[PDB]
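In structure tokens, one chain follows: the form deposited in one PDB entry.
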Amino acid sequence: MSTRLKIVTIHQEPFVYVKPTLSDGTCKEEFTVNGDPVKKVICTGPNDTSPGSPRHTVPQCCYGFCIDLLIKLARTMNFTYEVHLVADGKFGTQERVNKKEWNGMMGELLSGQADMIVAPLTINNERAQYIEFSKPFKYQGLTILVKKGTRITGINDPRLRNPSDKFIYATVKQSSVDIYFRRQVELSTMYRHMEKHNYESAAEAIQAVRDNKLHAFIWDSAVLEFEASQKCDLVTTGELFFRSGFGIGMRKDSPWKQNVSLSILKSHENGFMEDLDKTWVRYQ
């Protein structure tokens, strides 16, 4: 028996922080700068994050912008839920197997392993052909993360449009950025360089820029601008390109789609969304 909604998410700071539970199985009581308690949820997920390796599901602690949004949605709409982290650790692309298949969170939502995707999930054409997206909860774009002192104008910098084995740039595998570089004919030369250096996760890529292993990381500005504000050794460069929104993902037949979007509009209009932005995204 269970009418509990299965929620899928991904580790992506400051939207979703993933931490180990305490030895008793609970979440450490933490507070914001405002003195308010950090709302935290139990999220099951694999410990061996390595590809093609056995996945051992363990309870973990999940909090952040996306967790507070879920909690507000669950309260507004009156639904019960259980959160888990995407087994393969990916956002989701459609790949050729003649048959085609969705991987990542997309795959889980379409297989029925999830009933809702609550994460910084990009709203694009490819995904919208198969799932219902809510009205966006955030509007942002793509930017470039580099180690401080690296001079790059942006996406139209010669070190990017004319690729070399010297200057190595990348994004995350099976992500919306990957989709974008693969579909756009103008970025074909850029995608061929990228496909060789793309990372399993944004955390692996951000670490690789820190370790001088990767020179430029092309990713979500909501994530990059936060990361550069915390790790002052890393800097974002240039202006935003391919502006896009983040939204809640559901299957086309979902009976919650109308109320998920209404709740997101109410939250934009009453300042709740701006309050989440201030608590999690806006750091000096």
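Rigid core (definition): largest C-alpha set, two forms, superposition within 1.5 Å. In case it trips you up, residue 1 is the first one in the sequence shown, and so on.
Not on display, but discussed next: the form deposited in another entry.
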Looking at 184, 113, 124, 207 between this form and the one not shown with the core superposed, the single C-alpha displaced by 2 Å or more is at 184
Does residue 238 move its CA by 2 angstroms or more between this form and the one not shown when the core is aligned?
yes
Does residue 193 move its CA by 2 angstroms or more between this form and the one not shown when the core is aligned?
yes
Aligned on the rigid core, do the two forms place the Cα of residue 156 2 Å or more apart, comparing between this form and the one not shown?
yes
Cα distance between residue 188 and residue 246, which in that other deposited form differs by 3 Å or more from this form, closer or farther
farther
Evidently the Cα separation of residue 217 and residue 185 changes by 3 Å or more in that other deposited form, so the atoms lie closer
